[PDB]
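Single chain ahead, written as structure tokens, the form deposited in one PDB entry.
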């Protein structure tokens, strides 16, 4: 399990990649599964911020088959433009390795299915101040769509572990930029 694995349209998962170990994650009203270290840190984060009553886990692990059904549904209902913006191609979603969480607001209702609401909120603001201290980064920041190939998603967080999440967050980097940085650095040696 490499917590730093880069998964995107240019770096799809391999077909022979071993499914992640999984556990059911707490703090949701439905069954959501994550890699065990991810679930542990999610739980630690929610408890430490006192956000139990204000936020909830919306999505976690999803198989390739499921990612394809999600892509196909969004294509049919919302069209290609929206779908390309907010839904990773099957085989190219970090949800498939159990390292990604989609988080939503609790008193929030009438949610978008693909884009849960996690904006304009004191709870979200507190979450954004602490999540990096528990190994999470905001995966798809607002002005990075050319780098990530995905639109702004304030609800989507990727587990990379410490100190990576703190380094990435402090520099306002994407995971793509973090990989570029590590590659540029090793060569110096």
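Residues that one form lacks are left out of the comparison. Heads up, when I say rigid core I mean the largest set of C-alphas that superpose within 1.5 Å between the two forms. Residue numbers count along the first chain shown, from 1.
Another form exists, deposited in another entry; not displayed. Remarks below refer to it.
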Please name the single residue among 105, 92, 115, 87 whose Cα shifts by at least 2 Å between this form and the one not shown after core superposition. 115
Just say closer or farther for the C-alpha distance from residue 59 to residue 115 in the other form, relative to the shown form; it changes by 3 Å or more. farther
Please say whether the CA atoms of residue 61 and residue 114 come closer or move farther apart in the other form, knowing the change relative to this form is 3 Å or more. farther
Which residue stretches between this form and the one not shown come out as moving, taking only runs of at least three where every Cα shifts by 2 Å or more after core superposition? 107-117
